[PDB]
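Working notes for the structure below.
No hydrogens, no waters, no symmetry mates; every other heavy atom, side chains included, goes into these values. Within every chain, numbering begins at 1; the chains are lettered A, B, ... in the order of the sequence lines, protein sequences first and strands thereafter.
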There are 2 protein chains.
Amino acid sequence: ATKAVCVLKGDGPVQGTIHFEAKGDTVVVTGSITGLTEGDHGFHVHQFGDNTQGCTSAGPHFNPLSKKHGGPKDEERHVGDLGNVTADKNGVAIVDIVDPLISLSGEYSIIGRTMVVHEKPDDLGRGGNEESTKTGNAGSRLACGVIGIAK
Amino acid sequence: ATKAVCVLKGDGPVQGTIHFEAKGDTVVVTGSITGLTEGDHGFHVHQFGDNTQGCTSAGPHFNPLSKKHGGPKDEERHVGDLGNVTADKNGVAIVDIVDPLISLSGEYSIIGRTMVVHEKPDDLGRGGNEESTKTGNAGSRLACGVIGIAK
Ligand SMILES: [Cu+2]
Ligand SMILES: [Cu+2]
Ligand SMILES: [Zn+2]
Ligand SMILES: [Zn+2]
């Protein structure tokens, strides 16, 4: 199972297509998100691929190792913690990420789970309040999609 | 996972929430679909969880064992062949299928793949032609969604 895709949709204008590819021992994340406000936006893999109640039903960040929230370069982070994507003034964010914790098969597989792009910047677990340790104070979910197997 | 869920969405009025629960070597499929025309509608699991082009990008019916299209009860069927769901006059179809072929884990898990509800009834590979043993002449794809892991 080597390629996956995720189409992000929400109640507003934010949309995007994210691609995942197993390369070597890692996973390459690419694609783009449009309709975003300029600046940073939290970008995470949530535990469930449940869109029955919008992006809400996706639950907390994918966290099989029971850790606290952090940035993608931290030792202490959720498997789903891919940090921030950055939208330019035109509202476009180009995604290009390589991540050591997610996978497309087995225990760390994100197939069947939800990709979410947030309203605000992820403070990488350094905000100082309890919320930072769970979600990075990234706020509401602007758009999401279930990660599916791609050809 | 022992539980999965799928939210069907299309370009028209059809929409639904489908539930999947593993039970023994079976998967119990339940839920409902609304906005359908009265009568039967093909209900299949397509290969890819790719929604980059509505339900078209989902690809063919999930068929890992390379067999011809049939109905759920047939030995010669595609794994994704779940048959027909029936809409009443109000166009609501209550889904209730117990299938021994689809699985929520292993080599031919349907998690990360696409659930598709069709325009026409599925003839179950008994329509008399060639389109009958590939799609069962179910027609266009009205609504679809990627099957995600549920809580
Ligand atoms: Cu998040
Ligand atoms: Cu079909
Ligand atoms: Zn997190
Ligand atoms: Zn089929």
Side-chain angles (χ1 to χ4, degrees), chain A residues 1-11 15-22 30-34 45-64 79-80 102-116 143-151, chain B residues 1-11 15-22 27 30-34 45-60 62-64 79-80 102-116 143-151:
Chain A
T2 73
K3 301 218 275 179
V5 60
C6 182
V7 179
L8 306 175
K9 278 163 206 300
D11 289 343
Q15 52 196 164
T17 294
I18 310 302
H19 298 88
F20 307 82
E21 181 173 351
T30 52
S32 69
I33 303 160
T34 59
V45 182
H46 285 240
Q47 193 189 355
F48 307 112
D50 191 329
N51 187 70
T52 62
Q53 294 179 358
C55 297
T56 300
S57 32
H61 297 166
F62 182 37
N63 185 26
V79 167
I102 61 175
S103 78
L104 294 191
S105 176
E107 162 85 17
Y108 298 100
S109 182
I110 57 175
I111 300 295
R113 303 188 190 277
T114 303
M115 225 25 245
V116 169
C144 58
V146 176
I147 299 166
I149 296 169
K151 182 177 172 58
Chain B
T2 57
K3 278 184 177 178
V5 67
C6 187
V7 174
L8 308 178
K9 187 87 211 300
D11 286 308
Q15 63 194 156
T17 299
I18 309 300
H19 292 100
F20 302 84
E21 190 179 346
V27 170
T30 60
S32 76
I33 305 168
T34 63
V45 177
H46 286 216
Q47 206 178 343
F48 307 114
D50 188 336
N51 186 59
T52 53
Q53 324 236 59
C55 313
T56 303
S57 32
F62 187 42
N63 185 29
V79 169
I102 51 166
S103 185
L104 296 183
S105 66
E107 274 183 316
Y108 293 124
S109 171
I110 61 165
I111 290 187
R113 304 193 186 279
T114 296
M115 250 338 276
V116 154
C144 59
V146 182
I147 299 168
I149 297 178
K151 184 175 182 55

Result block: side-chain N/O donor-acceptor pairs under 3.5 angstrom for residues 15-22 of chain B, not counting sequence neighbours:
none

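With chain A as the partner, the residue from B:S109, B:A1, B:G49 showing the most heavy-atom pairs under 4.5 Å is B:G49.
Near-neighbour residues of residues 3-10 of chain A relative to chain B, defined by a heavy atom under 4.5 Å from a heavy atom of that chain, comprise A:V5, A:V7, A:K9. The stretch residues 143-151 of chain B places B:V146, B:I147, B:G148, B:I149, B:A150, B:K151 near chain A, each with some heavy atom under 4.5 Å from a heavy atom of that chain. At a heavy-atom separation below 4.5 angstrom, chain B is approached by no residue within residues 56-64 of chain A.
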